[PDB]
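# Take this sequence and fold it.
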Amino acid sequence: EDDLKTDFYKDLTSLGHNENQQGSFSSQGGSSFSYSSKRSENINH
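Numbers count the residues shown, from 1 in each chain. Let me share the structure:
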């Protein structure tokens, strides 16, 4: 008798994630008054 039973199992299960975000916000308020006055504003978020 010469039984030779053999088995091989291989699993490769790879997962990958890609995530990239940019946000830009800007506000530039202002006001003018003729007495005289001036206002200026800037925002860069």
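# Could you pull out the strands in the chain for me?
Along the chain, the segments classed as strands by DSSP state E run 26-27, 30-33, 37-40, 43-44.
# Counting by contacts, list what the last one packs against.
Packed against strand 43-44 by the contact rule (3 or more CB pairs under 8 Å, 6 or more residues apart in numbering; DSSP states H and E) you find strand 26-27. Backbone N, C-alpha and C define where each C-beta goes, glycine included.
# Could you spell out the sheet neighbours of the strand it packs on, each with its direction?
Strands flanking strand 26-27 in the sheet, each with its direction: strand 43-44 (antiparallel) (DSSP bridges).
# what does the partner strand contact?
Residues lying outside strand 43-44 but in contact with it, judged by CB atoms under 8 Å, 6 or more residues apart in numbering, are 24-28.
# What residues does residue 25 make contact with?
Contacts here follow CB under 8 Å, 6+ apart; on that basis residue 25 touches 43-45.
# re earlier: what would the strands of the chain look like in a markdown table with distance to residue 3?
Converted to a markdown table, those look like this (distance: least, CB to CB, whole Å):
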| stretch | distance to residue 3 |
| --- | --- |
| strand 26-27 | 78 |
| strand 30-33 | 91 |
| strand 37-40 | 91 |
| strand 43-44 | 77 |
